[PDB]
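A.B. asks: For reference, this is data-v3.cif, and it has mmCIF, C-alpha atoms and all ligand atoms.
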```cif
data_coords
#
loop_
_atom_site.group_PDB
_atom_site.id
_atom_site.type_symbol
_atom_site.label_atom_id
_atom_site.label_comp_id
_atom_site.auth_asym_id
_atom_site.auth_seq_id
_atom_site.Cartn_x
_atom_site.Cartn_y
_atom_site.Cartn_z
ATOM 1 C CA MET A 1 67.389 6.588 92.405
ATOM 2 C CA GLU A 2 69.161 6.028 95.778
ATOM 3 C CA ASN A 3 72.426 6.979 94.123
ATOM 4 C CA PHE A 4 70.960 10.489 94.182
ATOM 5 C CA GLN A 5 70.120 12.843 97.042
ATOM 6 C CA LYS A 6 67.436 15.402 96.353
ATOM 7 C CA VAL A 7 68.411 19.015 96.957
ATOM 8 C CA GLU A 8 65.368 20.959 95.778
ATOM 9 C CA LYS A 9 62.338 20.578 93.523
ATOM 10 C CA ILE A 10 63.148 22.535 90.315
ATOM 11 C CA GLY A 11 59.527 22.250 89.198
ATOM 12 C CA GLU A 12 56.869 19.903 87.929
ATOM 13 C CA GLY A 13 56.978 19.552 84.145
ATOM 14 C CA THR A 14 54.745 17.726 81.674
ATOM 15 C CA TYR A 15 56.524 14.408 82.385
ATOM 16 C CA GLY A 16 56.344 14.546 86.183
ATOM 17 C CA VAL A 17 58.541 16.160 88.791
ATOM 18 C CA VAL A 18 62.099 17.507 88.398
ATOM 19 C CA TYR A 19 64.585 17.634 91.239
ATOM 20 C CA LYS A 20 67.992 19.189 91.387
ATOM 21 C CA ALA A 21 69.945 16.169 92.734
ATOM 22 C CA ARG A 22 73.460 15.211 93.814
ATOM 23 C CA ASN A 23 74.788 11.849 92.645
ATOM 24 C CA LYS A 24 75.517 10.451 96.116
ATOM 25 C CA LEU A 25 78.839 8.976 94.798
ATOM 26 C CA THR A 26 80.320 11.155 92.015
ATOM 27 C CA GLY A 27 79.458 14.464 93.658
ATOM 28 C CA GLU A 28 77.947 15.520 90.309
ATOM 29 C CA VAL A 29 74.911 17.862 90.344
ATOM 30 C CA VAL A 30 72.165 16.902 87.853
ATOM 31 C CA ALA A 31 68.487 17.341 87.111
ATOM 32 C CA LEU A 32 66.544 14.246 88.055
ATOM 33 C CA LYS A 33 63.151 13.742 86.314
ATOM 34 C CA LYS A 34 61.039 10.866 87.651
ATOM 35 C CA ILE A 35 58.734 10.009 84.780
ATOM 36 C CA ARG A 36 55.081 9.766 85.772
ATOM 37 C CA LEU A 37 53.623 7.043 83.563
ATOM 38 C CA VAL A 44 57.255 0.867 81.649
ATOM 39 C CA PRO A 45 56.506 0.434 77.913
ATOM 40 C CA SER A 46 59.410 -1.048 75.922
ATOM 41 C CA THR A 47 58.834 1.324 72.972
ATOM 42 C CA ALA A 48 59.490 4.401 75.144
ATOM 43 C CA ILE A 49 62.608 2.878 76.699
ATOM 44 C CA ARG A 50 64.191 2.303 73.229
ATOM 45 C CA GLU A 51 63.266 5.803 71.967
ATOM 46 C CA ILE A 52 64.566 7.404 75.169
ATOM 47 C CA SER A 53 67.783 5.378 74.771
ATOM 48 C CA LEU A 54 68.167 6.797 71.268
ATOM 49 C CA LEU A 55 67.973 10.355 72.640
ATOM 50 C CA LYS A 56 70.975 9.730 74.893
ATOM 51 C CA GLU A 57 73.213 9.785 71.848
ATOM 52 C CA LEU A 58 72.049 13.272 70.792
ATOM 53 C CA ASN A 59 74.825 15.639 71.749
ATOM 54 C CA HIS A 60 75.112 19.288 70.749
ATOM 55 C CA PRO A 61 76.087 22.314 72.830
ATOM 56 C CA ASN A 62 72.546 23.667 72.465
ATOM 57 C CA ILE A 63 70.659 20.665 73.773
ATOM 58 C CA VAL A 64 70.546 19.800 77.499
ATOM 59 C CA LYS A 65 72.377 16.485 77.750
ATOM 60 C CA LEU A 66 70.479 13.316 78.713
ATOM 61 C CA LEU A 67 73.197 11.823 80.942
ATOM 62 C CA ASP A 68 71.527 8.614 82.220
ATOM 63 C CA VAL A 69 68.249 6.741 81.784
ATOM 64 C CA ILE A 70 67.448 4.664 84.844
ATOM 65 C CA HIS A 71 64.770 2.020 84.534
ATOM 66 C CA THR A 72 64.429 0.532 88.006
ATOM 67 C CA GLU A 73 61.627 -0.986 90.096
ATOM 68 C CA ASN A 74 59.549 -0.544 86.917
ATOM 69 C CA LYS A 75 60.156 3.217 87.359
ATOM 70 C CA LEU A 76 61.767 5.605 84.889
ATOM 71 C CA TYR A 77 64.267 8.278 85.985
ATOM 72 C CA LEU A 78 65.943 10.605 83.513
ATOM 73 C CA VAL A 79 69.193 12.299 84.568
ATOM 74 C CA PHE A 80 69.870 15.575 82.737
ATOM 75 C CA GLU A 81 72.768 18.079 82.726
ATOM 76 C CA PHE A 82 71.843 20.710 85.324
ATOM 77 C CA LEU A 83 71.752 24.484 84.380
ATOM 78 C CA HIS A 84 70.991 27.207 86.902
ATOM 79 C CA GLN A 85 68.234 29.254 85.215
ATOM 80 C CA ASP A 86 65.535 29.038 82.535
ATOM 81 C CA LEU A 87 64.473 31.825 80.126
ATOM 82 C CA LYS A 88 61.126 32.543 81.838
ATOM 83 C CA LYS A 89 62.744 33.588 85.135
ATOM 84 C CA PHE A 90 65.446 35.460 83.161
ATOM 85 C CA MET A 91 62.774 37.361 81.168
ATOM 86 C CA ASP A 92 60.880 38.127 84.404
ATOM 87 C CA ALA A 93 64.066 39.376 86.092
ATOM 88 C CA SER A 94 64.635 41.793 83.175
ATOM 89 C CA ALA A 95 61.029 42.867 82.639
ATOM 90 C CA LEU A 96 61.884 46.529 83.301
ATOM 91 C CA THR A 97 65.030 47.082 81.247
ATOM 92 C CA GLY A 98 64.574 44.559 78.415
ATOM 93 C CA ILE A 99 66.901 41.845 77.216
ATOM 94 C CA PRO A 100 69.431 43.745 75.082
ATOM 95 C CA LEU A 101 68.976 42.911 71.429
ATOM 96 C CA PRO A 102 72.478 41.444 70.915
ATOM 97 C CA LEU A 103 71.664 38.868 73.629
ATOM 98 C CA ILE A 104 68.217 38.176 72.159
ATOM 99 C CA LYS A 105 69.919 37.585 68.858
ATOM 100 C CA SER A 106 72.602 35.347 70.367
ATOM 101 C CA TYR A 107 69.890 33.267 72.126
ATOM 102 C CA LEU A 108 67.855 33.024 68.921
ATOM 103 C CA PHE A 109 70.911 31.973 66.847
ATOM 104 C CA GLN A 110 72.010 29.196 69.262
ATOM 105 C CA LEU A 111 68.424 27.856 69.728
ATOM 106 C CA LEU A 112 68.070 27.629 65.919
ATOM 107 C CA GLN A 113 71.387 25.681 65.914
ATOM 108 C CA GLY A 114 69.910 23.208 68.454
ATOM 109 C CA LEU A 115 66.826 22.854 66.230
ATOM 110 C CA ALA A 116 68.836 22.454 63.021
ATOM 111 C CA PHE A 117 70.761 19.546 64.658
ATOM 112 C CA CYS A 118 67.669 17.876 66.181
ATOM 113 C CA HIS A 119 65.611 18.276 63.018
ATOM 114 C CA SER A 120 68.472 16.940 60.837
ATOM 115 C CA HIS A 121 67.959 13.820 62.990
ATOM 116 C CA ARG A 122 64.185 13.865 62.481
ATOM 117 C CA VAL A 123 63.742 14.607 66.225
ATOM 118 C CA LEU A 124 61.373 17.347 67.268
ATOM 119 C CA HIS A 125 60.515 19.119 70.480
ATOM 120 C CA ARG A 126 56.725 19.817 69.890
ATOM 121 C CA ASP A 127 56.361 21.584 73.218
ATOM 122 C CA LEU A 128 58.921 24.451 73.243
ATOM 123 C CA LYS A 129 58.425 27.165 75.864
ATOM 124 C CA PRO A 130 60.652 29.633 77.754
ATOM 125 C CA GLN A 131 60.558 27.130 80.724
ATOM 126 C CA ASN A 132 62.333 24.550 78.519
ATOM 127 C CA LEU A 133 65.173 26.914 77.602
ATOM 128 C CA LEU A 134 68.046 26.911 79.986
ATOM 129 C CA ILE A 135 70.855 29.392 80.336
ATOM 130 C CA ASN A 136 74.266 29.499 81.965
ATOM 131 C CA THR A 137 76.803 32.215 82.981
ATOM 132 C CA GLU A 138 78.786 31.722 79.776
ATOM 133 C CA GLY A 139 76.026 33.095 77.512
ATOM 134 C CA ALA A 140 74.932 29.601 76.291
ATOM 135 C CA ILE A 141 71.201 28.690 75.982
ATOM 136 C CA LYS A 142 69.993 25.021 75.664
ATOM 137 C CA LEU A 143 66.789 23.220 74.561
ATOM 138 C CA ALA A 144 65.436 20.824 77.248
ATOM 139 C CA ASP A 145 62.952 17.960 76.668
ATOM 140 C CA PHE A 146 63.691 17.375 73.003
ATOM 141 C CA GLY A 147 62.279 14.068 71.792
ATOM 142 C CA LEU A 148 60.220 13.336 74.908
ATOM 143 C CA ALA A 149 56.783 14.060 73.304
ATOM 144 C CA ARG A 150 57.119 11.380 70.617
ATOM 145 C CA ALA A 151 58.985 9.087 73.050
ATOM 146 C CA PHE A 152 56.221 9.127 75.717
ATOM 147 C CA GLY A 153 52.915 10.298 74.074
ATOM 148 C CA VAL A 154 51.415 13.853 74.101
ATOM 149 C CA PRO A 155 48.945 15.202 76.830
ATOM 150 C CA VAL A 156 46.151 17.565 78.023
ATOM 151 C CA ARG A 157 46.561 18.869 81.628
ATOM 152 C CA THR A 158 49.817 18.067 83.448
ATOM 153 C CA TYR A 159 50.705 16.064 86.596
ATOM 154 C CA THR A 160 50.530 19.430 88.450
ATOM 155 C CA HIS A 161 46.902 19.355 87.267
ATOM 156 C CA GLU A 162 48.122 22.452 85.283
ATOM 157 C CA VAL A 163 46.811 24.357 82.261
ATOM 158 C CA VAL A 164 49.795 23.531 79.941
ATOM 159 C CA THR A 165 51.028 25.920 77.217
ATOM 160 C CA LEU A 166 49.097 26.347 74.028
ATOM 161 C CA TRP A 167 50.691 29.807 73.774
ATOM 162 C CA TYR A 168 53.536 28.477 71.646
ATOM 163 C CA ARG A 169 51.447 25.957 69.764
ATOM 164 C CA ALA A 170 51.709 25.956 65.897
ATOM 165 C CA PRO A 171 48.441 26.501 64.001
ATOM 166 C CA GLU A 172 48.579 23.059 62.235
ATOM 167 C CA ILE A 173 48.500 21.331 65.650
ATOM 168 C CA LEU A 174 45.529 23.481 66.732
ATOM 169 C CA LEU A 175 43.602 22.597 63.545
ATOM 170 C CA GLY A 176 43.982 18.879 64.334
ATOM 171 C CA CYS A 177 46.860 17.877 62.009
ATOM 172 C CA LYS A 178 48.113 14.484 63.278
ATOM 173 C CA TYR A 179 51.278 14.322 61.150
ATOM 174 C CA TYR A 180 53.033 17.685 61.729
ATOM 175 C CA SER A 181 56.731 18.296 61.120
ATOM 176 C CA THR A 182 59.764 20.163 62.384
ATOM 177 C CA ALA A 183 57.990 23.411 61.366
ATOM 178 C CA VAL A 184 56.101 23.208 64.638
ATOM 179 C CA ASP A 185 59.330 24.061 66.566
ATOM 180 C CA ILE A 186 60.139 27.122 64.446
ATOM 181 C CA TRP A 187 56.644 28.397 65.067
ATOM 182 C CA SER A 188 57.192 28.089 68.872
ATOM 183 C CA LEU A 189 60.669 29.651 68.675
ATOM 184 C CA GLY A 190 59.112 32.476 66.563
ATOM 185 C CA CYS A 191 56.683 33.103 69.412
ATOM 186 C CA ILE A 192 59.482 33.080 71.998
ATOM 187 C CA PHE A 193 61.633 35.530 69.848
ATOM 188 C CA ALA A 194 58.669 38.009 69.756
ATOM 189 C CA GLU A 195 58.239 37.636 73.565
ATOM 190 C CA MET A 196 61.946 38.392 74.298
ATOM 191 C CA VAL A 197 61.659 41.562 72.148
ATOM 192 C CA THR A 198 58.355 42.948 73.482
ATOM 193 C CA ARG A 199 58.393 41.375 76.993
ATOM 194 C CA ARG A 200 54.897 40.065 76.533
ATOM 195 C CA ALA A 201 53.621 36.716 75.257
ATOM 196 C CA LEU A 202 52.731 36.963 71.531
ATOM 197 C CA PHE A 203 49.648 34.677 71.653
ATOM 198 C CA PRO A 204 48.458 34.192 75.278
ATOM 199 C CA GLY A 205 45.364 31.955 74.647
ATOM 200 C CA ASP A 206 43.262 30.802 77.560
ATOM 201 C CA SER A 207 41.821 27.849 75.549
ATOM 202 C CA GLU A 208 42.426 26.210 72.165
ATOM 203 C CA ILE A 209 39.985 28.277 70.104
ATOM 204 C CA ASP A 210 41.090 31.479 71.873
ATOM 205 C CA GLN A 211 44.689 30.522 71.033
ATOM 206 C CA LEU A 212 43.729 30.037 67.369
ATOM 207 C CA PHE A 213 41.658 33.275 67.280
ATOM 208 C CA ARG A 214 44.569 35.317 68.806
ATOM 209 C CA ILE A 215 46.720 33.994 65.900
ATOM 210 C CA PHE A 216 43.964 34.836 63.401
ATOM 211 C CA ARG A 217 43.445 38.350 64.797
ATOM 212 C CA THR A 218 47.131 39.249 64.381
ATOM 213 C CA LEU A 219 48.158 37.302 61.264
ATOM 214 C CA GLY A 220 44.741 37.202 59.547
ATOM 215 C CA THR A 221 42.425 34.232 59.129
ATOM 216 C CA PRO A 222 44.203 31.719 56.928
ATOM 217 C CA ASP A 223 42.595 30.718 53.673
ATOM 218 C CA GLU A 224 43.341 28.662 50.584
ATOM 219 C CA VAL A 225 45.490 31.470 49.163
ATOM 220 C CA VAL A 226 48.053 31.607 52.032
ATOM 221 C CA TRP A 227 47.699 27.954 53.058
ATOM 222 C CA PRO A 228 46.551 25.422 50.456
ATOM 223 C CA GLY A 229 44.691 22.612 52.193
ATOM 224 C CA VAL A 230 43.796 24.716 55.256
ATOM 225 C CA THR A 231 40.012 24.499 54.767
ATOM 226 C CA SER A 232 40.058 20.657 54.787
ATOM 227 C CA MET A 233 42.071 20.187 57.977
ATOM 228 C CA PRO A 234 40.266 18.181 60.726
ATOM 229 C CA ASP A 235 39.234 20.994 63.101
ATOM 230 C CA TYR A 236 38.853 23.792 60.551
ATOM 231 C CA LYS A 237 35.321 25.346 60.448
ATOM 232 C CA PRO A 238 33.917 27.472 57.612
ATOM 233 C CA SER A 239 32.245 29.438 60.407
ATOM 234 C CA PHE A 240 35.608 30.909 61.711
ATOM 235 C CA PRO A 241 35.524 34.712 61.860
ATOM 236 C CA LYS A 242 37.467 36.365 59.068
ATOM 237 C CA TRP A 243 39.934 38.877 60.528
ATOM 238 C CA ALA A 244 42.559 40.870 58.580
ATOM 239 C CA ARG A 245 46.326 40.525 58.978
ATOM 240 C CA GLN A 246 48.096 43.176 61.064
ATOM 241 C CA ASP A 247 51.465 44.786 60.359
ATOM 242 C CA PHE A 248 54.440 43.263 62.181
ATOM 243 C CA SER A 249 55.735 46.765 62.946
ATOM 244 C CA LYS A 250 52.636 46.894 65.227
ATOM 245 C CA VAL A 251 53.185 43.405 66.658
ATOM 246 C CA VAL A 252 56.843 43.486 67.713
ATOM 247 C CA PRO A 253 57.040 47.325 67.552
ATOM 248 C CA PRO A 254 60.661 48.180 68.304
ATOM 249 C CA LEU A 255 62.268 45.299 66.266
ATOM 250 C CA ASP A 256 64.291 46.194 63.177
ATOM 251 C CA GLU A 257 63.404 45.109 59.618
ATOM 252 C CA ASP A 258 65.816 42.126 59.517
ATOM 253 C CA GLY A 259 64.319 40.729 62.751
ATOM 254 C CA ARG A 260 60.690 41.258 61.614
ATOM 255 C CA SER A 261 61.307 39.751 58.212
ATOM 256 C CA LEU A 262 62.789 36.633 59.990
ATOM 257 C CA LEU A 263 59.894 36.582 62.509
ATOM 258 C CA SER A 264 57.451 36.619 59.543
ATOM 259 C CA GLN A 265 59.155 33.573 57.952
ATOM 260 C CA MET A 266 58.942 31.724 61.279
ATOM 261 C CA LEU A 267 55.234 32.508 61.550
ATOM 262 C CA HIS A 268 54.142 31.449 58.067
ATOM 263 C CA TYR A 269 50.817 29.607 58.280
ATOM 264 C CA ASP A 270 51.778 26.972 55.756
ATOM 265 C CA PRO A 271 54.250 24.689 57.483
ATOM 266 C CA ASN A 272 56.003 24.006 54.076
ATOM 267 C CA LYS A 273 56.502 27.745 53.519
ATOM 268 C CA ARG A 274 57.805 28.166 57.070
ATOM 269 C CA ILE A 275 61.545 28.719 57.254
ATOM 270 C CA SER A 276 63.738 25.764 58.319
ATOM 271 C CA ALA A 277 66.012 26.230 61.338
ATOM 272 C CA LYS A 278 68.943 25.793 58.871
ATOM 273 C CA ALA A 279 67.697 28.466 56.441
ATOM 274 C CA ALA A 280 66.994 30.803 59.420
ATOM 275 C CA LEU A 281 70.673 30.564 60.435
ATOM 276 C CA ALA A 282 71.653 32.195 57.104
ATOM 277 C CA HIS A 283 69.065 34.975 57.494
ATOM 278 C CA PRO A 284 70.497 38.593 57.315
ATOM 279 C CA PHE A 285 69.367 39.248 60.953
ATOM 280 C CA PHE A 286 72.408 37.217 62.020
ATOM 281 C CA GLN A 287 75.172 38.976 59.968
ATOM 282 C CA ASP A 288 76.291 40.677 63.203
ATOM 283 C CA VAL A 289 75.526 38.002 65.824
ATOM 284 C CA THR A 290 77.856 37.826 68.866
ATOM 285 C CA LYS A 291 77.919 35.892 72.129
ATOM 286 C CA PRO A 292 77.297 38.339 75.011
ATOM 287 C CA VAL A 293 77.114 36.978 78.547
ATOM 288 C CA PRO A 294 74.025 37.553 80.677
ATOM 289 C CA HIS A 295 73.991 39.232 84.144
ATOM 290 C CA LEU A 296 72.466 36.320 86.181
HETATM 291 N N1 LIG B 1 63.037 28.395 87.680
HETATM 292 S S1 LIG B 1 64.674 28.407 87.570
HETATM 293 O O1 LIG B 1 65.099 29.504 86.656
HETATM 294 O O2 LIG B 1 65.262 28.630 88.931
HETATM 295 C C1 LIG B 1 65.249 26.859 86.918
HETATM 296 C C2 LIG B 1 64.421 26.106 86.100
HETATM 297 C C3 LIG B 1 64.877 24.909 85.564
HETATM 298 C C4 LIG B 1 66.170 24.453 85.843
HETATM 299 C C5 LIG B 1 66.613 23.187 85.269
HETATM 300 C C6 LIG B 1 67.887 22.731 85.175
HETATM 301 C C7 LIG B 1 67.835 21.540 84.539
HETATM 302 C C8 LIG B 1 66.520 21.285 84.237
HETATM 303 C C9 LIG B 1 66.008 20.116 83.543
HETATM 304 C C10 LIG B 1 64.732 20.145 82.931
HETATM 305 S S2 LIG B 1 63.794 21.536 82.696
HETATM 306 C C11 LIG B 1 62.584 20.673 81.958
HETATM 307 O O3 LIG B 1 61.544 21.178 81.528
HETATM 308 N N2 LIG B 1 62.877 19.344 81.874
HETATM 309 C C12 LIG B 1 64.089 19.025 82.424
HETATM 310 O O4 LIG B 1 64.550 17.883 82.470
HETATM 311 O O5 LIG B 1 65.801 22.269 84.685
HETATM 312 C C13 LIG B 1 67.017 25.209 86.644
HETATM 313 C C14 LIG B 1 66.559 26.419 87.185
#
```
Before anything else, please render the file you have as C-alpha cells.
C.D. replies:
Amino acid sequence: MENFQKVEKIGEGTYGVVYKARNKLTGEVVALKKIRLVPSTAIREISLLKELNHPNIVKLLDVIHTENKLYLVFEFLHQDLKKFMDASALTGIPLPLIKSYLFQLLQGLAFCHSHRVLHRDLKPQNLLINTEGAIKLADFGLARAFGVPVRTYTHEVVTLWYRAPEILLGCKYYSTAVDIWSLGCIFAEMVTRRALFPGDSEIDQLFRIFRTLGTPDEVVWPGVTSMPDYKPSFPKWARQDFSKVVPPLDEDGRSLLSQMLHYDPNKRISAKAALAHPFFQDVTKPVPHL
C-alpha cells in the first residue's frame, strides 16, 4: 500500500475503509479499499472480478494481497448518488436524468447478471457519477466474494431499505432479481426524493413493504408461506396504488416500477427485459450540474 499516498477518507463501507489515494508513482488517482477481514477462496473470486469491464461498473484496477492484507484499488469517481440526491432535494432530479441513470444502471446489471455476478447490497452510496452524465455500480461481486454481514466496521446500522423481500424472509439461494428490487427502490427514491421503504429493523422493513404492496400470499407468490422466516401471524394489509406511492411519475415509469417490485422473484423483470420497456423509448444522456 506504500505505492499509494492517502488524500482523504471517502467513507467507511461494508468491507472496511475507503480512501481517495494517489499512486505515489503513476500520479493516478484511485479509490483504495483496505479490506477488513486472507482466505484463498476470496482471493480467486476477487481476481475473477478484475476481468469484469463495462462502462457502468466501477473498474477494479488492482488487487493487492500484501503482508496478509487485502487492498482493492478502484477507478475513482467524484460523487455518489446519495450526495447528488441530497444536493437536489429542493428542485428534484429532472426526469430525463433519472431515466438516463436508470437505463445505464440496468445496463450494468444486465452485464453482471449475464455473468452470474450479483451485487446483493445496492444503495445510492454505491452508485457513482461523473461530469459526463455516466453512473456506475460499485462493489459488484464483493458480497459473494467475501461473505455477507450484520452491522458494519463503522459499527453502523447497514441498509435494509433496499433489501428484496426474499432475502428478508430468509431465502438462502436468491438470484439476480434481488438487484432489480434494490434498483426499483432507488428509482422510486430519485422520483419522490424520499426513501421508498425506510425500515428501522428487519420486520419493520418487511412490514413497510407489506403496507404499500400488500401482504404477499400464495396467489401472488407461490411458495411464500413456506419460506424460512414467514409467519402465518403476519398482519394482512392491502396493496396500495402506485399513483399514490410515486405520485408524479408517468404510467410508463410506474408500470416499469411495478415489474421491478414484483414479490415473486421469477415474475420480477430481468435487467435485460427492463431495457426494452416502453419507459425508455425516449431515453437520452443529459449531463448533471455537479
Ligand atoms: N460522498 S461523495 O459524494 O463525496 C463520494 C463518495 C464515494 C466516492 C467514491 C469514489 C470511488 C469510490 C469507491 C467505492 S464506493 C464503495 O462503496 N466502494 C468503493 O470501492 O467511492 C467519491 C465521492
A.B. asks: Give me the result of the PyMOL selection byres (((not hetatm)) within 9 of (chain B and resi 1)) on this file, residue by residue, as a ChimeraX atom specification.
C.D. replies: /A:10-15,17-20,30-33,64,66,78-90,129,131-135,143-145
A.B. asks: Find the spatial neighbours of residue A:207, counting all atoms listed in the file, within a cut-off of 10 Å - ignore same-chain residues fewer than 3 positions away - and output them as a list in words.
C.D. replies: residues 163, 165, 166, 167, 204, 210, 211, 212 and 213 of chain A
A.B. asks: Write out as an mmCIF file with C-alpha atoms, in the coordinates of the input each polymer residue whose atoms come within 10 Å of stretch 276-282 of chain A, counting all atoms listed in the file; drop sequence neighbours fewer than 3 positions from it.
C.D. replies:
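Dumped everything to out-v3.cif:
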```
data_model
loop_
_atom_site.group_PDB
_atom_site.id
_atom_site.type_symbol
_atom_site.label_atom_id
_atom_site.label_comp_id
_atom_site.auth_asym_id
_atom_site.auth_seq_id
_atom_site.Cartn_x
_atom_site.Cartn_y
_atom_site.Cartn_z
ATOM 1 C CA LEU A 108 67.855 33.024 68.921
ATOM 2 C CA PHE A 109 70.911 31.973 66.847
ATOM 3 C CA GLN A 110 72.010 29.196 69.262
ATOM 4 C CA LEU A 111 68.424 27.856 69.728
ATOM 5 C CA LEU A 112 68.070 27.629 65.919
ATOM 6 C CA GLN A 113 71.387 25.681 65.914
ATOM 7 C CA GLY A 114 69.910 23.208 68.454
ATOM 8 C CA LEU A 115 66.826 22.854 66.230
ATOM 9 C CA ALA A 116 68.836 22.454 63.021
ATOM 10 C CA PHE A 117 70.761 19.546 64.658
ATOM 11 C CA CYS A 118 67.669 17.876 66.181
ATOM 12 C CA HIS A 119 65.611 18.276 63.018
ATOM 13 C CA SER A 120 68.472 16.940 60.837
ATOM 14 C CA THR A 182 59.764 20.163 62.384
ATOM 15 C CA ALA A 183 57.990 23.411 61.366
ATOM 16 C CA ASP A 185 59.330 24.061 66.566
ATOM 17 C CA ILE A 186 60.139 27.122 64.446
ATOM 18 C CA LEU A 189 60.669 29.651 68.675
ATOM 19 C CA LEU A 262 62.789 36.633 59.990
ATOM 20 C CA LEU A 263 59.894 36.582 62.509
ATOM 21 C CA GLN A 265 59.155 33.573 57.952
ATOM 22 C CA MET A 266 58.942 31.724 61.279
ATOM 23 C CA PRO A 271 54.250 24.689 57.483
ATOM 24 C CA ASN A 272 56.003 24.006 54.076
ATOM 25 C CA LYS A 273 56.502 27.745 53.519
ATOM 26 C CA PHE A 285 69.367 39.248 60.953
ATOM 27 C CA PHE A 286 72.408 37.217 62.020
ATOM 28 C CA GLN A 287 75.172 38.976 59.968
#
```
A.B. asks: Just to confirm, what's the straight-line distance from atom CA of residue A:67 to atom CA of residue A:158 in Å (one decimal)?
C.D. replies: 24.3 Å
A.B. asks: Which residue gives the smallest distance to residue A:152 among A:215, A:93, A:49, A:164, with all atoms listed in the file counted?
C.D. replies: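 The shortest atom-to-atom distance to residue A:152 comes from A:49.
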A.B. asks: What separation in Å, quoted to one decimal, exists between atom CA of residue A:47 and atom CA of residue A:179?
C.D. replies: 19.1 Å
A.B. asks: From the options A:122, A:295, A:237, A:200, which residue's atoms come nearest to residue A:253, counting only C-alpha atoms?
C.D. replies: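 Closest residue, counting only C-alpha atoms: A:200.
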A.B. asks: Using Å and a single decimal, report how far atom CA of residue A:244 sits from atom CA of residue A:220.
C.D. replies: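 Pair atom CA of residue A:220 / atom CA of residue A:244 returns 4.4 Å.
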